Structure formats: C-alpha cells, structure tokens
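[1] part one of the complex, untouched from its place in the assembly:
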Amino acid sequence: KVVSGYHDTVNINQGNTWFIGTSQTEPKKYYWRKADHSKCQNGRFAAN
C-alpha cells in the first residue's frame, strides 16, 4: 500500500512521482516506485 509520494517537477503533468509503499507485515518493509509522467497522456499512464 502506498504511504506517501513526492512529485518531481512543479507542473504535475510532467516529471516523475516517487511513491513510498509499505508492506502488510510486522515490522513493515518500505519500498519505492516512480511514475514517469512523460509517458502519461489522457490521464492514462503507459504500463512502462
């Protein structure tokens, strides 16, 4: 589950969005992704 994010640029239609996800365990394990908005037209992220 995603805990928090941070968007790279100031215009939210560009740049990347880093996410911090945690696991459903105990203790929790934290992970991170990145959503490249330069592959995002019509509010639809390309799968890559």
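    Okay, I see it. Numbers count the residues shown, from 1 in each chain, chains lettered A, B, ... in the order given.
[2] and residue A:5, helix, strand or coil?
    strand (DSSP: H, G, I helix; E, B strand; the rest coil).
[3] Contacts only, for the closest residue in space to it that isn't next to it in sequence.
    Of all residues not flanking residue A:5 in the chain, residue A:19 sits nearest, at 4.8 Å (C-beta to C-beta, 6 or more residues apart in numbering). No exception for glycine: its C-beta is placed from N, CA and C like everyone else's. Contacts for residue A:19 (C-beta atoms under 8 Å, 6 or more residues apart in numbering) come out as A:2-5, A:32-35.
[4] can you add chain B next? sequence is:
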Amino acid sequence: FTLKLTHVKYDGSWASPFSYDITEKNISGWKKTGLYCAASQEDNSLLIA
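    Okay, chain B now, added to the rest:
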C-alpha cells in the same frame, strides 16, 4: 496481555505475527480464561473473543 496473530505464507513459512494490546483492566482480573476464534461467512473478518 497481547493478542498475536500469524499465518502460513504460500511457501509454508509463517508470517511475522501482528500484535494487538488486549489488557484492559479485566482480563488481568480473570482467572482461567480461554479464547475463541472463528471466521465469518458474512463480512469476511475474524471474530476473536
């Protein structure tokens, strides 16, 4: 008092147990207690007691 809860993962190992603080002024006061646990066919959850 703490309630602990774990499960088998697909590879047969056991998950690290969750914990819930249980002590509220009364289970400390009981004597010879016992716990109950059952799943629910409605509102998939765990009734623990």
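[5] Enumerate the residues of chain B near chain A.
    Residues of chain B lying near chain A by C-beta under 8 Å from any C-beta of the partner chain: B:15-19.
[6] Alongside chain B, which residues does chain A contribute?
    Proximity of chain A to chain B (C-beta under 8 Å from any C-beta) is limited to residues A:25-27.
[7] If we use 10 Å, what do you get?
    A:24-27 (C-beta under 10 Å from any C-beta of the partner chain).
[8] Format those as TSV; extra columns: secondary structure, neighbour count and distance to residue B:10.
    Formatted as TSV, these follow (DSSP: H, G, I helix; E, B strand; the rest coil; neighbours: other C-beta atoms under 10 Å in any protein chain shown; distance: C-beta to C-beta, whole Å):
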residue	secondary structure	neighbour count	distance to residue B:10
A:24	coil	9	14
A:25	coil	11	14
A:26	coil	14	18
A:27	coil	8	21
